[PDB]
Structures are given as structure tokens and as C-alpha cells.
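Engineer: requesting a structural model of the entry that follows:
(9 chains, ligands or ions: 11)
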Amino acid sequence: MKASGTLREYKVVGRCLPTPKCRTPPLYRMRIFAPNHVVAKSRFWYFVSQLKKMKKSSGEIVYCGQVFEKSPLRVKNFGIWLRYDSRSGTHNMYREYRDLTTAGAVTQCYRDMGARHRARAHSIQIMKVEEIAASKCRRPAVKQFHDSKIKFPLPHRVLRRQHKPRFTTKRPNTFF
Amino acid sequence: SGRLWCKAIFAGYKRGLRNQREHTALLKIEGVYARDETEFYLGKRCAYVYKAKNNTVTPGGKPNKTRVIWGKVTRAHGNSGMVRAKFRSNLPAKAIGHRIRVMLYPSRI
Amino acid sequence: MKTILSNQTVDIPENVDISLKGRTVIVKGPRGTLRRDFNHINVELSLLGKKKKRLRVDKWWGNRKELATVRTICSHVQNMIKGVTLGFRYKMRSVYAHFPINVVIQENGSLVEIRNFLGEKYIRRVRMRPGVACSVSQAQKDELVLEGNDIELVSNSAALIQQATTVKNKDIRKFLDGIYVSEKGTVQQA
Amino acid sequence: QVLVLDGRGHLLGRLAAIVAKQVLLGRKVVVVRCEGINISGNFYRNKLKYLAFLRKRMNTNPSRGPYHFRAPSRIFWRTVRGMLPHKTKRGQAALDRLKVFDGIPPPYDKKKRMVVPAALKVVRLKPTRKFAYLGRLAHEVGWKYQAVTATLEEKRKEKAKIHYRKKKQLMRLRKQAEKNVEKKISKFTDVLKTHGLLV
Amino acid sequence: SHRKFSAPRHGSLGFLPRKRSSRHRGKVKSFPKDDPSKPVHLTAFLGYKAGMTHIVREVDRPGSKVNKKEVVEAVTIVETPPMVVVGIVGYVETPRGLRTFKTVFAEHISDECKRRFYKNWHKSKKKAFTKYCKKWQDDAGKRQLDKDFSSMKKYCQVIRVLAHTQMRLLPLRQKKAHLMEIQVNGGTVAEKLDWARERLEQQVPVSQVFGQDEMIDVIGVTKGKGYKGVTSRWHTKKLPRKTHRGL
Amino acid sequence: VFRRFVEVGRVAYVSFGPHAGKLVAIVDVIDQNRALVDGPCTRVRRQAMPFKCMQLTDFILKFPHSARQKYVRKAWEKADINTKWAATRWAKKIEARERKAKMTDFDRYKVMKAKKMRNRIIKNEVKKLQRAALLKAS
RNA sequence: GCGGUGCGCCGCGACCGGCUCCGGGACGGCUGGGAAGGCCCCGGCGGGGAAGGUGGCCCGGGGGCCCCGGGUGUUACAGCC
RNA sequence: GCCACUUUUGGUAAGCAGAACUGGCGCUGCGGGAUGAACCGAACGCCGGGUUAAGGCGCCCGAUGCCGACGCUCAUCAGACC
RNA sequence: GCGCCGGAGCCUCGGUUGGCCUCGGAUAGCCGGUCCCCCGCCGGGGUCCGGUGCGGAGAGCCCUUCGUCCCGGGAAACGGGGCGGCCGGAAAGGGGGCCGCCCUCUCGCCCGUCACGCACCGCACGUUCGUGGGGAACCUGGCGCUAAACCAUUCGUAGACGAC
Ligand SMILES: [Mg+2]
Ligand SMILES: [Mg+2]
Ligand SMILES: [Mg+2]
Ligand SMILES: [Mg+2]
Ligand SMILES: [Mg+2]
Ligand SMILES: [Mg+2]
Ligand SMILES: [Mg+2]
Ligand SMILES: [Mg+2]
Ligand SMILES: [Mg+2]
Ligand SMILES: [Mg+2]
Ligand SMILES: [Mg+2]
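Structural biologist: Numbers count the residues shown, from 1 in each chain, chains lettered A, B, ... in the order given. Ligands and ions are numbered 1, 2, ... in the order given. Structure data below:
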């Protein structure tokens, strides 16, 4: 898996084949996160191979669809339970992000794991993403934004658009 | 009674690192520095104007020393508004970093 | 994390009047005026209240090694106001074993000649950095009192004479000689 | 048709990167007051780097070895030469185009010196990273003429202060004159205001 | 493999281009650093070597084994006639060093010094400074001179006065006199140029410059000994007798 | 000392991006570097916006940090921002920039023929003020 | 005049075809027969909930009725689910 | 004959010696790996236009002069691509 | 026969196609005024007033080339062009400001009126900086100048030979 672009959330379901001992198997369902439905169906068979006795050939996809975010204009907190493999032994984690959409916070999760722990998206194994209300949050870097009267300036506005004036005579300003 | 050509500099040939292709000049035009902005100059007659020792003709006038190698501006190059030109005879590398005039007259405006 | 805001204020007494010129702060009061130039520390310095009673130093978007510097400005300004309205006085005692350490004070408090230390003939001339006056005290056997405005100058001029009286090539645990700083403190008590 | 660049506040190789390409494209570039160039990283790393460059020396005959130039002008000239293809004729023509001075000499004190925002210390460093002045590094590594440069600079900053007060009082006379003549220029002014030149 | 027995290195690398000197008279590479709290004085002079001699003196250094005894000492007599000052040179401190500003010569330059400007005094017509010394006996020339003295008073930093030997008074073969810039160290530049242009064109003896029992430095080229080999020059150890191609 | 503060209910001119050239009203603060935003009286749809593309101005209109686009529109045209911005000397020089960019050929000629005499009159008035200052001195 | 062939040399334009790199419009399908959002709470009726707690109330201080904190609590002279 | 993925024998080990499978080099240019028999891409008549692969885009040096996105990182021995 | 200033044309090397004549500098802060106020050899600062995504803006400023002809309006008048003195410059020195004369114009600029100028018949190196840098010979005048170097000889402080 490559965490290309922003991720999308795919609700994907599947079942074993109709076989003469149990002609209608149960149907299993995952929230998975993937750039498109092809790699989504591949991640589905990866996790269902990890969990059940079910493979690409002894089973079938049933409905691979998208979960659209259900309130993209309300900033929310997300608690994300992870399982990643380091250079030496795998570890269970809990991280918290703050975003408009669920797949946006999971995109931010993969990029934060790759930034801090060098964990790559084949090693990172999601298990539980939940929208968390503003008091169940454990992390200070999220809890510092829970302020109705939040207030801060933008102190050192480093000059972007450097090469449009390339040979200027103004010294640039950064107090705005 | 003033300038009717934009200023451009023959930066190099169209090249790779271990190969150059002399059939295509790279022109850097003053003032345009993005592919969003290079669109005006596509198809313009460009010219490398140079003097020489012995006199040659000059149409609509009398012979003098100055000479040209005409061309045209084919396609953008890069993202910094660099452009590609093709001249009807390939430019000498004498011309590296010397002023190619790039005209206005094949107008599409 | 990048913490959104961290600030501390500095209460200012009535006999003094700080004034900040941009980021360098200028404290004037009873004894003398002294400045310090905070242009290396990248914070904001509000001067609030009328009578200008409080100095607020705040830092926005600061990580750990920079929020360390948000109350060290408070400590420098507290020591600054203390040295203006009260001044500083380090009394440092002259400890010897056999050879008595003879200290004379030349240029009315500004050069210190230390003699007979460990029986050495090399006399030591130590110059106080400006604003500090050394003085031999009274009613006490072996003291040197260092008067001044600010502690960096005072304690630096103390550390110079303490490291000047030093034992070389012998056992520093037996040969406990030298002038050592005993009593940091204040000129006028509050 | 000559770019007079200033040198104060610019990163060394990050100014030299723009200067190298701008000279290969055919300009004549004069980078002036090169002792005010600063380098990133702290001063002790930067002078250990230059002292390593000093000890890199041809063993059998150091006259033929690397000429470790000590003045800031020729330190910056050496790094532009490192970024130019100087074994060949076009790179040597580029180094012939580049002129580089210490302080601001009197062909260029009277001219208005430019800046490069892309290569400047308050733009391309975090404000808590330590830096290192190339003039002070050159003086610590053996440049003889820091003090005479600094005294000539306080002389030219006095004389530039004189010029600036004259330019200020001319600008104030211009605004009092425009206030005194708005009654018979406000027809000409009004069509420069409708085309966005005075609003 | 290494060197078995360590031993210090023959010769000095500090004096390394061991070539013939490019100049006959020794040049002062550095005059003493001035301070304006002195009176104005000259920081060099120029004498000629004559020979060697004993002395006997009673040494007063207390504590030594030769305290109040009488050593003998090799001395060197440098015959040192009074040099005649002829010009002044001014110098402006630049960020590329210290360039010369305006050399100013006097009116009457003696033929001792005039011989220095010619590789051949016989064949010439002895024409030096003839167009120049018409700048002293007319008003336009004199105030052009006062213009460049006023420019030297305000743009120069180091002032070096020109002085030549006085070769008639010497028993040598030659007549062509040695010219030299001597740095005037002393007070401010106005005092320095006033001293220098007042003592322009006239003499200065040794006793104006040095005093008795004053440590000085001596500059000069050595005694030439020709093209010589490493034993004779670098004092390497002679290889033993049995050596085939020379020892 | 800072005098423009990111908070709930400032309007910010936008530098670049999709919606360059418009005011928005900052609603909430999502990250260190991103903010939920809405310009409801200028057609900027309710969305997130990074801080690096928005230049915050001196207009603070109050509304709660989770209020809908209806209430942001209400507070906007209750304060009547869109005329205060058009009278602000920020946007006057923005539209002046836009005018001399929008300038045609013929009126570039008309501007040139105007400003030539519009500089001639100031230039001889300035030199007669110089000689009037010299006559004041003498 | 028509048909063929070519101009001494240097150039230009026009349309037609092929191959391409782009750019501007416009129309429709599918989805959770899209998710949200827009306008008719200060969409309609009644019922709840709590906070990143608005009014108000108290405490504290900066002031000249505003602001700033801290507490209480459930629409109030803001809103949210 | 030699090299390389993986399997493997002796040897502490080796740019050592000895095997299996397949692909290479030798017989082979070209773009990239700065440099290079074997690595990555790719195999070739002579050309014009377009487009890619592997690898890149501060400057040498074609290409980021994107108002690129999120973090970690201070090294008085930083780090920087099979 | 050489330097200097006071015309025709000829070889050759070529690049170029309007100028920007200047504060210092800060970057969690700047810029510009008044100075009411205090001292110093106009400046230094407090204080107030304006700007601050910079508008006293390099996203900028100046110049703006078709030419002439009539007359009219606005603009100028105290202005334009054309000879002697005062100084200001050293880091690698400024074709700069200022006092008068005797001249001569309402011409220069902005709006109009009036016609005219190979209108070279759609076609490319045009338009400059340009009296460009260098090289020979034709120039008409004037004030100025009419030297050294090297060899050879000698020296011996120097020396393989040159060199010194
Ligand atoms: Mg011992
Ligand atoms: Mg040894
Ligand atoms: Mg033998
Ligand atoms: Mg083998
Ligand atoms: Mg084969
Ligand atoms: Mg091959
Ligand atoms: Mg390599
Ligand atoms: Mg492979
Ligand atoms: Mg091709
Ligand atoms: Mg490369
Ligand atoms: Mg031309």
C-alpha cells in the first residue's frame, strides 16, 4: 500500500463462496482506507486473510463502496488505534488528530506516522478510528485547541513568493 | 521609432546531461517566467542578429555588415517560462548568453 | 508539540519605572539606570497597566527549548529591578591555611591586588568590569565586599578573583586556600 | 545594464546560486559589501570548515596548491567559481562578468544596490538558528582589512545620511508643491487616479 | 617504514625562496607602529658597513658571574653620513592595503640623488626633474603644491619622507646615491607634514634618529657565496667516503 | 506587539489559492496551520483554508465558533463589511493595481500625455520653492 | 489563352490532409436513485442533552459603561447536538 | 569463463574456492547509477515531430523560479538515495 | 618626429537597442511628519498625528522620438538655449550645484484649428549607446618638447653563463 494523496474511506464487504456444507456464508464488513477501490479490495483480502480462513479465490467481494463523510463542515476530533511494525518488534498505538473528515484524519495519521516513526504504509495497520468528543481526548496537542475564545497571532510570516521579485530593492517585511 | 522586439537570451541548446541536440535552441525571454505566461510567445519569429567582417545584402536597403539567422518559437520548456526555438540553421555556441530578438509579428491576438 | 501560548508577568514596584524600547528593556530607579538587550530571544514584551505596573512577556507557538526562555526573561528582569532598587552586594571570604592572603584595593574599588597567596610572590591584579566596586569591609577579619548594580557584572567580578586565587599542581582537597564567595545578597534590605 | 547586488543579510552559497545562473545568462553582476554576507550554522562550525579548507594543501609544493583566499570578496568569488563551469571558455567569460568587492567602493556608493529575497537570512532561516558573519570569519582566518573597511563604512554611512536628508527635504517640497498646485493639476491628477496610479 | 632515529630538520623553511635578492639595499618591510603621543621622529636610517673591532667595557648586570668584570666584545662600525631629505610620500589606507597617494619632491635635488634615476649617467643629458622643478618658482606651481600638501594633510594616513645618502663623503668607488623612504612616526598628520616639509631639502644626521645604547634592527642582503651544494648550503651530513657518485 | 489576531470571527483577505482576492470570515481553528472558514456574503463556500494563504485584517465580527453560514451572513451584513472593505485603503490600492493592470493602449497613451505635464508643473513649482527657500535664507 | 516543367538567389502568405501538445465552451449518466450545504432556531410543534458555557449572577483587576480572567449553570441579550 | 536475485557446500572470512535454477557480461551500444565489463531502465539501419522508462529538477546541468502539503531534526565528527 | 586641443572619408573587432544620482537597517517590527519640549555641533530622543500586505510602492519612479506649418485656449513668465569665477570628490577622486554678462524666444510642454513632408504601391536584419574600441595613411592651425634603454668599456659588494 502507498498512501498516495488524501485517503478515502471504503466500506467493503465480502463472503466465502456458496459451498455445499454452508450454502450461504456470513457476510463480513470492513472500514478500510485506501486511495481507490482497487487497492481497497486488496487491503480487504489482506485483513480477511489475517482474520478468517478466506482468500481471493475461496471468496468474493460483494459491495465495495465509499463512505462519504457525514459532517464535513464541523471540525471534529478523531482517536485512531494503530498497530505498526518498527525496525525491532511491532507496537500498538493510540494517536489523536483534529480534522473535518475521517479519511482526512487517517491521511494525517499515515503522514504523522511516517514523519515521526518512519513507519511506512505497508507496516502501519489501522484498526479503529472513532470520532471523539472534546473531553475524552487524551492528547495535549489536540486539547490545546479546545477553546471557545481561541486567539493567537501569526508572528513570523516568512516570505513566500520569493522569486517573483528576485532582484528587488525592498527588504521584505515579516511583521503582519 | 523604438524597439519592436522582445529581449531574449540564448541560454543553451535543448540538451540532456551527456547529450545535446543542436536542432533546438532554449530561449529565456525577459519578464515571462511561468508556463501560465509563456503562451503569448508561441509561434513568434525569433532571430539571432550578428555582425560580420565582409558585407552582405540587407533587403529593403543597401548592403552592410549585419546578418541574421531566423527562427520561430515552438513550445514551452520547464516551468520557469523557458521556451524552445528552432532556427533554420543551428545556432553557433558563440551565441550562448547573447541577445536573440524575439519579434511580435506572427500575431494571434 | 508547538504550544499555542505561554506567558508570565512581572510585577513592578512603585519607586521604579521600566520602559521597553522595542525589545530592549531599560530600568530606571533609585540607584541607577541599567538596560539589557533581549534581541536574541524572539518573544513579545507588553508593558501594561497605567503607572505601567506589569511587564508581560509572552511567546506564541513555542516548543520546549524556546518556552524555556519565557521565564528566564522574567528572572533577568526581576534581578534587574532588584539591582536597581536595592543593588547587589557579594561578600566573599578570604580563607587561608598558613600564608595570610593580603588584598589591597586600588583605583577606588576597581583593581584588586592579591598578595602572599600560598606564599607566592606573583602578585595578582584583577580588574572589576565596570560598575562594580570592590571594598575591604570592617568588623570582620577577611572579607571583600563587591558592590554594584547588576549581578552579571558583580558575580563575574567575583568569579574572576575566586579563580585568580587558585591552587595549582597540588591537592585541592587539602589546600583549601583562596577567596571564595560566601554571602550573596542585597545592599539595602526590604 | 549591471546588477549591483548588496551583500548584507544574504546566505553565501544561496546568493552564489542565483548569481551563478544570472551571470551565465549574460548579466554583469557586482555583489558589493560582501563582508556582510552571513553563513548558516554557528561560527565555530563555519570556521572549522574554513580551517579544514586551509589544511587541504598540496604537499610537495604549496605554491601550486589551492589558493585559500582570505578576503570575503574572494571567498565569495571562489564559491561562485565552484558553482560555475570554469575550466571552459564560457565559465571563464562568466567569471569575467562577475565583479565582487569588500564594502562599497566609489563606483557603486552612488548607485542603488539591489537585494535578493530568495537568498536572505530573515527569509531562509528559522529565526532561532545561529548564523555566522563572513567578514568576521575572514578576519578570524587571516583577512587583514576589517578595521579599515569598517571605518570607510562609517564614513560612507555619514555621507549617505547627508544624501538621505537632502532627498527627504526634496520629497517634502514636492508634497508641499503638489498641495499648492492641486487647483491646476487636479484635472491631470484625476485621470491618473482613474487608471490606478494614485489610489 | 619510518625513520629509525629522529633528528631535527636541516635548514629553515621560513626563509625558503633561497634565491638572489631582488634588491641590493635592504628594504624595511615594516616600520614601527606609530602613536600620536610621541614627538615626530624618523623610524629608519641608512649606513654602510666598514669593519669589525674589539672593545673593552665593564659590564654591570647584577648577579652574573661577569658582574663588574671586563668582557671584550665584537663590534661593527657602520659609517653613517647624514642623509639629505629630498621628498615626501603620502599613503592612504585602503581595503586592498595601503596605496601611495601623492609623491612630492623638493626643488634642489643633488646629483648624488639624481644619479639614482639613471642606469647610465655618462650617456644621458641629465634631464631629470627639469620640467618638475619649474613648479617651485612660479605662483601657479606653488599653489598647486599647496593644493597637494592640503590633500596629503587630509587623505593620507602614513607619511614617508624620502632621503638619500651623501656619497661624496664616502670612500667608495660609486657616486650614485641610495634613496629611501623613511616613515615619520609621531603626532597627527598636520604636525607630520609640517615637520617633513620644513626639513625638506636639508640634512638629517644619525643623532636625530637614534640614540646611544638603543636596540635597533639591521636589514640588508647577506654576503653572496655563489651556486653551492647541500653540504655547503643546507649543512646536511656528508655521506661517507665509499660513496660512488660523490659524497 | 501584535494587533491582528487569528480568532473566531475575523475577516481575512485571501492571497492565493482557489479563492484569491476575496474576504473570508474565520470560523474555527482546526490545526496549528489550518482553519475552518466561510465567506458567506462573497461566495466563499464553507470550507477549510490554510493560514498561509490568508491575510488577516482589522475587522472582528462576533459569532459563535460553530455557528452556521446563516449566522455568519447575518453578522456580516449586520456589520456591513463589504462597504468598509471597499472604503478601506487596502482595497483601494488593490483596485488601483487592478486598474493599471487593466489599462489599454490608448489610455496608456492618455496617461502618459497627462503625467508628462502633471510632472512638469510640479517640477517647476519645486524649483521655484527651492529658490524661495534660498530667498528666505537670504 | 490552355497543358507540362521550372523560379538566379533570399523570403512571406493562404487553405487542405496526416501526426501531435494544449486551451475555451457545452450536454448527460451513476452513487446512500450521491454525502453535505443553501433559503422558509434566533422552517414549524413539543421533548431532551452538555460545553471548547452565551446571557445573567457573584468573586478578582485593567479601566472609563467596556475589557480581562475564575466560578455557577442550560438558551437568556450567542449559538451547537 | 566470469557476475547477480534466491537455494546451497568448505572456510572465522574474502573482490576466496565449489555447485543448482534463471538472467546477464563475454559478443553490447544507449539513458541513469559522478566515476565503473555484469547494477536500474533499455537492446541499435539514417533522420524530423511527439512521449516515456530508470533516474532526477539550488548552481555546475535539461528540469520545482510550485506563494507545494504534514512533521522530525542542531551535530565544537550533521545528513544526504539498490 | 612626438604629445595636446582646435574637418572629409577608409580598414578591422564586435556586443548592444532609454535611464533609475546612493539612508541606515529592523524582521515578535517598521516608514513618514510636526516639533509643542529638552541638550549637543541642523542633529539625538520623549510625546502626538498619519500610513503598515508596504503606495513617500522596484507590483515602483523619471523620460517619452513622426517632423513642421497657421491661429486659439490652458501652462511658463522668476523660463529655455548659448561665455567667466565660487567650491563640493580619494576606497578604484564628480562631464556636479551656485553668482552675473551682451545675446536671443514666447519656439519647446498639454489640449484644439490647419494643411504639408516619395502615399516608394502587405514583406527581413529597422530604431540607438555612436564622434564606439583598436590600425594605417590625406589634414589645416596653435601653444609645447627635442630623451632614455640595451650592447661595447669598466667595476667585483656579484658571478657557471646570462643576471647584479
Ligand atoms: Mg604532587
Ligand atoms: Mg619518529
Ligand atoms: Mg664502490
Ligand atoms: Mg565462485
Ligand atoms: Mg548473444
Ligand atoms: Mg548490455
Ligand atoms: Mg556512486
Ligand atoms: Mg529486477
Ligand atoms: Mg526524438
Ligand atoms: Mg543530476
Ligand atoms: Mg544594431
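Engineer: what parts of chain A come near chain B?
Structural biologist: Within chain A, the positions adjacent to chain B are A:163-164 by C-beta under 8 Å from any C-beta of the partner chain. C-beta coordinates here come from the backbone N, C-alpha and C atoms, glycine included.
Engineer: can you give me the strands in chain A?
Structural biologist: Per DSSP state E, chain A carries strands over the ranges A:8-16, A:28-34, A:59-66, A:76-85, A:90-99, A:125-132, A:151-152.
Engineer: any idea which of those gets closest to chain C?
Structural biologist: Chain C sits nearest to strand A:151-152 of all the strands of chain A, at 5.5 Å, using C-beta to the nearest C-beta.
Engineer: so is that closest one next to RNA strand I?
Structural biologist: No. Using C-beta under 7 Å from any atom of the strand, strand A:151-152 stays clear of RNA strand I, coming no nearer than 9.2 Å.
Engineer: residue nearest the centroid of chain C?
Structural biologist: Centroid-nearest residue in chain C, with C-alpha atoms, centre = their mean: residue C:151, separated by 1.2 Å.
Engineer: isn't that residue up against residue C:78?
Structural biologist: No. Under the criterion of C-beta atoms under 8 Å, residue C:151 is not in contact with residue C:78, lying 10.7 Å apart.
Engineer: need the three-state assignment for residue D:148.
Structural biologist: helix (DSSP: H, G, I helix; E, B strand; the rest coil).
Engineer: so which residues of chain F form strands?
Structural biologist: Using DSSP E, strands in chain F cover F:6-7, F:10-14, F:23-29, F:34-39, F:44-50, F:54-60.
Engineer: now do the shared contacts for residue C:151 and residue C:78.
Structural biologist: The overlap between the contact sets of residue C:151 and residue C:78 (C-beta atoms under 8 Å, 6 or more residues apart in numbering or on different chains) is empty.
Engineer: residues near the residue in chain B positioned nearest to chain F, how many?
Structural biologist: Closest residue of chain B to chain F, C-beta to the nearest C-beta: residue B:109 (11.5 Å). Residue B:109 has 4 neighbours, counted by other C-beta atoms under 10 Å in any protein chain shown.
Engineer: and it, how far from RNA strand G?
Structural biologist: Here the criterion is C-beta to the nearest atom of the strand, to the nearest Å. By it, residue B:109 lies 13 Å from RNA strand G.
Engineer: now the phi/psi pair for the nearest residue to residue F:99 once chain neighbours are set aside, please.
Structural biologist: Closest residue in space to residue F:99, ignoring its immediate chain neighbours: residue D:196 at 2.8 Å, by C-beta to C-beta, 6 or more residues apart in numbering or on different chains. Phi and psi for residue D:196, reported as degrees, to the nearest 10, are phi 70, psi 20.
Engineer: so what's the residue nearest to the centre of chain C up against?
Structural biologist: So residue C:151 contacts C:79, C:83, C:88 (C-beta under 8 Å, 6+ apart).
Engineer: residues in contact with the first one?
Structural biologist: Residues touching residue C:79, when contacts are defined by C-beta under 8 Å, 6+ apart, comprise C:150-151.
Engineer: do the same with the last one
Structural biologist: Residue C:88 is in contact with C:82, C:146-151, C:154, C:184-187, counting by C-beta under 8 Å, 6+ apart.
Engineer: pull out the buried positions in the lengthiest helix in chain F.
Structural biologist: Assignment by DSSP state H gives helix F:106-137 as the longest helix of chain F. For helix F:106-137, burial by neighbour count (16 or more other C-beta atoms under 10 Å in any protein chain shown) applies to F:110-111, F:114-115, F:118, F:122, F:125-126, F:129.
Engineer: could you do stretch B:60-76 as well?
Structural biologist: Those would be B:69, B:71-74, B:76, for stretch B:60-76 by 16+ other C-beta under 10 Å.
Engineer: nearest residue to the residue in chain C positioned nearest to chain D other than its sequence neighbours?
Structural biologist: Using C-beta to the nearest C-beta, the closest approach of chain C to chain D is made by residue C:42 at 5.4 Å. Nearest-residue entry for residue C:42: residue D:127, 5.4 Å, with adjacent residues in sequence omitted and distances by C-beta to C-beta, 6+ apart.
Engineer: look up how far RNA strand H lies from that neighbour.
Structural biologist: To RNA strand H, residue D:127 is 12 Å away according to C-beta to the nearest atom of the strand.
Engineer: next, count neighbours for whichever residue of chain B sits closest to chain A.
Structural biologist: Chain B approaches chain A most closely through residue B:33 (7.7 Å), counting by C-beta to the nearest C-beta. Neighbourhood size, residue B:33 [other C-beta under 10 Å]: 17.
Engineer: same check, this time on residue A:105
Structural biologist: Residue A:105: 24 surrounding residues under other C-beta under 10 Å.
Engineer: repeat that for residue F:76.
Structural biologist: When counting by other C-beta under 10 Å, one arrives at 23 neighbours for residue F:76.
Engineer: if I pick it, what's in contact with it?
Structural biologist: Listed by C-beta under 8 Å, 6+ apart, the contact set of residue F:76 reads F:25, F:40-41, F:61, F:82.
Engineer: reformat the residues you listed as CSV; add distance to residue D:155 and neighbour count.
Structural biologist: Shown next, in CSV, are the contacts of residue F:76 (distance: C-beta to C-beta, whole Å; neighbours: other C-beta atoms under 10 Å in any protein chain shown):
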residue, distance to residue D:155, neighbour count
F:25, 54, 26
F:40, 61, 20
F:41, 59, 18
F:61, 55, 18
F:82, 55, 14
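Engineer: follow-up on the earlier one: the residue of chain B closest to chain A contacts residue B:80, doesn't it?
Structural biologist: Yes. Assessed by C-beta under 8 Å, residue B:33 is found in contact with residue B:80 at 5.5 Å.
Engineer: quick one: the residue of chain B closest to chain F and residue C:81, what's the gap?
Structural biologist: 72 Å (C-beta to C-beta, to the nearest Å).
Engineer: return the nearest residue of chain F with respect to chain B.
Structural biologist: Of all residues in chain F, residue F:105 sits closest to chain B, at 11.5 Å by C-beta to the nearest C-beta.
Engineer: give the contact list for residue C:92.
Structural biologist: Here residue C:92 is in contact with C:143-146, C:158, C:161-162, C:179-183 (C-beta under 8 Å, 6+ apart).
Engineer: apply 6 Å and report the result again.
Structural biologist: Residue C:92 makes contacts with C:144, C:158, C:179, C:181-182, as judged by C-beta atoms under 6 Å, 6 or more residues apart in numbering or on different chains.
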